[PDB]
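A single chain, nothing else alongside it, follows as structure tokens in the form deposited in one PDB entry.
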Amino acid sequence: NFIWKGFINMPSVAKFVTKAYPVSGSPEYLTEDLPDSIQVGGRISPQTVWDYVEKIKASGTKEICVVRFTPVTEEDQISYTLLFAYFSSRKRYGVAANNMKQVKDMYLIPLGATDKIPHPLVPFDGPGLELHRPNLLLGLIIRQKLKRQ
């Protein structure tokens, strides 16, 4: 069902358990590669991210993988909403800090219930997102293109 269950930690703002579900791209090997806790260690301008995503689609060198995070408990929902409010108000995305197995970069993106899906994730190669949804924290995972053992 879900790809990965663990923490999303931003020091001195919020941290909570969450489960990740596929949205677009290949979710293969994410279960083993992702750590038990994802440290989010700064903000970034969204257009700096979408330009990097544009050049990453021209070069067939890395694959985009979008996932959807949901809180597991209602006390995790209190912090989930806090982290969504931090990035949505400042109009920014989050960046992961861990040195992970294959993730070249990972970006946490706030997506409001009624906001239009950003243009660079345009058609979803996966389950996608329903029309009626709550405020969501989206995971933009960037991984090197290869086939493994």
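We call the rigid core whatever largest set of C-alpha positions still superposes within 1.5 Å between the two forms. Only residues modelled in both forms are compared. Counting begins at 1, following the sequence as shown.
The next section is about a form of this same protein that is not shown, the form deposited in another entry.
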item: Displaced residue between this form and the one not shown, judged on C-alpha after the rigid core is fitted, out of 61, 45, 31, 98 (threshold 2 Å or more); value: 61
item: Threshold 2 Å Cα movement between this form and the one not shown for residue 89, core superposed; value: no
item: Post core alignment: residue 116 C-alpha displaced by 2 Å or more between this form and the one not shown; value: yes
item: Direction of C-alpha distance change in the other entry, residue 63 to residue 24 (at least 3 Å); value: closer
item: Closer or farther in the other entry: C-alpha pair residue 62, residue 129 (3 angstroms or more); value: closer
item: Regions of at least 3 residues displaced between this form and the one not shown by 2 angstroms or more (CA, core superposed); value: 25-30, 47-49, 58-63, 113-116, 142-149
